[PDB]
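Have a look below at one chain only, the form deposited in one PDB entry, in structure tokens format.
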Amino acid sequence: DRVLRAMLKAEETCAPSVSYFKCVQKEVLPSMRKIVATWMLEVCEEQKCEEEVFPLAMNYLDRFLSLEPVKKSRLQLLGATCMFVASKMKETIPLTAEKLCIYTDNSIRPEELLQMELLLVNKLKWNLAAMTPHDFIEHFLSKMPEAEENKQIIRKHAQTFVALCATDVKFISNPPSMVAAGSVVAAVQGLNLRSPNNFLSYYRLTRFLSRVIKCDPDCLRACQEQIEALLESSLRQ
């Protein structure tokens, strides 16, 4: 009811452009951003990273692409750098530059990475403590009529959805609060849809979370629809 105002502000300070592909980027296309994102994702999973690391990284990557043309050949080097910094921000044992490079089959070098880091952080004006959708899921979760058992299940499913959205252009259009809302909504629906006695917070959750966020519940239903469709393309894999 109070510190959320600040998360909503911060979030707005670190907002990427939905037009960077057309207006800033020349070589880089969405298809590539996805190849890189899902690479970034597989690195985080392989390395058992803190869950917030990937989405924060993609936060950096979308905010940087919103201010810099990158060569499609330097794009994987930007992904890597964003994971490097995200990890420093969210992990007790951050990723080493050497281990990131190993996942590029050594097609880059710690030296390249360290150079990028300074670029990336300087272009972001050292505004690295950004809001990820995980910050909100947890805010939302703490205002919800749910046993911890249910809360941890909803939390697993939403984080799935979030990761899924991150590899997708949705992440550029929707702010993390939205992404987290739609995810929670999707998670809690599906869960209650399987166990109708349970997960009762499903009821009017869209409007409820709009209240929390202060926004239009139509967008949240729109955003939610997208996640569920986008998940339908994720079985294919």
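Residue positions are given as counts along the sequence shown, with the first one as 1. Rigid core: the largest C-alpha set superposing within 1.5 Å between the two forms.
This protein has a second form, the form deposited in another entry, left out of what is shown; the following refers to that one.
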Margin query: I want to make sure I read this right: if the two forms are fitted on their rigid core, which of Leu191, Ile35, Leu67, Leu29 has a C-alpha displacement of 2 angstroms or more between this form and the one not shown?
Written below: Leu191
Item checked: Core-aligned C-alpha movement of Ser201 between this form and the one not shown, 2 Å or more -> yes
Next item on the list: Tell me whether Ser201 and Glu50 end up closer or farther apart in the other entry, going by their C-alpha atoms; the shift is 3 Å or more.
Entry: farther
Next item on the list: Looking in the other entry, decide if the C-alpha atoms of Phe161 and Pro196 are closer or farther than in the form shown; they differ by 3 Å or more.
Entry: closer
